[PDB]
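Beneath this line is the structure, given in structure tokens, with notes to follow.
Residue numbers (the numbering used here), protein chains in the order written: chain A, 406 to 623; chain B, 6 to 220.
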């Protein structure tokens with residue numbers, strides 16, 4: 406049994422309602438009216454918490470802006486009015502038959518806000534790190550929305566690929582923005598063979614891609 | 006009041022086995038099902054196993070290929086998991102969770118332990134190197150590089166500096182060591198007088214480092 410959640414990510418202006426769907430590959434209706442589909446919310450850094458069980462039953466203490474529905478294969482979790490505490494990952498879970506229980510892949514709920522372009526910064530490797538034989542060049546995109554963004558590393562105007570990793574913060578509770586840091590790694594030898602290190606950023610709030618660069622050695 | 010208190014984080018090499026325990030209290034231990042669920046970093050929940058204490062025959066999600074055993078000790082009101090033949094696919098937070106009353110059903114899962122991180126890697130425990138990220142608004146920060154395993158925490162100026170701070174999720178490098186950055190934006194005017202120190206704590210290696218970040 407496969408559960409397919411939709412959408413993968415949902416942005417809601419606060420106070421607006423929200424809908425999350427979970428579709429099962431076969432009916433979860435146990436031959437008794439009970440349908441074995443539950444909903445959990447997991448907030449960042451926390452364990453999951455039960456929201457809805459057996460299709461539509463609200464767990465004890467769950468606020469009544471939450472509800473669930475669905476009778477066999479199509480299930481929906483609905484929030485009357487999205488308070489901002491509701492941000493997180495929602496999982497459906499089916500338990501029709503032991504030991505074949507499964508979870509959906511999760512839908513991420515985020516706060517919708519106005520478009521905000523990244524503020525970009527680039528950091529050379531420190532002299533201290535260079536002494537050890539590797540160079541980390543770090544690019545920072547501060548406080549942007551929406552989440553989707555593209556960082557392109559260029560060394561002497563040659564497009565880099567395969568030598569960087571990035572990660573993204575959770576949505577900031579105050580301004581609903583994201584931040585992203587990309588690390589380009591090379592050996593000290595490779596680092597010292599080039600001049601201009603450049604971070605090229607593509608975001609919806611930027612009419613043209615912003616590039617931040619430096620010449621190695623100031 | 007239900008409590009589910011799990012044992013502490015584990016580090017294992019590929020091929021090993023890991024045991025995680027969950028001490029339950031506040032209810033009749035033998036009248037509820039118990040579950041194990043795990044979550045690999047940044048991934049979804051995966052249901053693993055279920056039993057009921059004192060006379061249960063546990064059952065296991067089939068993808069564990071028989072590597073997973075669940076047991077319970079009713080006189081200690083504790084449930085255990087043992088996961089053998091570990092690989093890096095098993096790096097995850099492992100959760101114990103109370104299921105339904107035995108007269109109601111197996112699910113839902115109404116109470117959850119705090120989670121136990123198990124890291125499976127050939128890497129050995131190692132504190133980070135901390136390098137400066139040197140700067141009308143200045144960004145500065147610390148690159149916390151080449152540590153193992155997770156987690157690390159970072160503060161700025163002993164916690165007095167919280168506004169503008171972003172500490173990013175760690176990335177797992179091809180070396181098998183982690184690296185993360187923590188940054189803060191400050192007024193460019195303050196760079197001359199204000200001191201900025203990142204306080205990094207890597208409890209797995211018993212390491213605390215302070216790094217002053219200068220222009």
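All residues carry an ideal CB built from backbone N, CA and C; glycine is no exception.
By the rule that beta-carbons nearer than 8 Å mark a contact, residue 597/A does not touch chain B.
A Cβ-Cβ distance of about 6 Å is found for the pair residue 150/B and residue 136/B, placing them in contact under the 8 Å criterion. Within 9 Å of the CB of residue 64/B, the CB atoms of chain A belong to 503 and 504, in sequence order along the chain. Going by DSSP, residue 535/A is part of the alpha helix (DSSP H) stretching over 532-535. Assignment of residue 155/B by DSSP, reduced to helix, strand and coil, places it in the coil class.
In the three-state reduction of the DSSP assignment, residue 586/A falls in the strand class, which pools E and B.
The C-beta separation of residue 543/A from residue 615/A comes to about 16 Å, leaving the pair out of contact by the 8 Å criterion. Here the C-alpha atom of residue 575/A lies approximately 20 Å from the C-alpha atom of residue 423/A. For the C-beta of residue 17/B, not a single chain A residue is nearer than 9 Å; the gap to the nearest is close to 22 Å. Taking 8 Å as the cut-off between beta carbons, the residues of the segment 512-528 of chain A near chain B are 524, 526 and 528, in sequence order. Here residue 109/B is exposed: its Cβ has fewer than 16 other Cβ atoms, across all protein chains shown, within 10 Å. When rounded, the separation of the alpha-carbon atoms in residue 58/B and residue 43/B is 20 Å. Around residue 585/A, the same chain offers 523, 545, 546, 549, 554, 556, 571, 572, 573 and 574 as residues with beta carbons nearer than 8 Å, after the five sequence neighbours per side are excluded. Interface flag for residue 31/B against chain A is unset, since no Cβ pair is found closer than 8 Å. For residue 557/A, the nearest beta carbon of chain B is not closer than 8 Å to its own beta carbon. Contact between the segment 530-541 of chain A and the segment 465-483 of chain A is absent: fewer than three C-beta pairs spanning the two stretches fall below 8 Å. By alpha-carbon distance to residue 505/A, the top candidate from 155/B, 208/B, 54/B and 103/B is 54/B.
Residue state for residue 441/A is assigned as coil, using DSSP reduced to three classes. Along the segment 108-134 of chain B, going in chain order, the ones with a CB nearer than 9 Å to a CB of chain A are 110, 111, 112, 113, 114, 115, 116, 117, 118, 119, 120 and 134.
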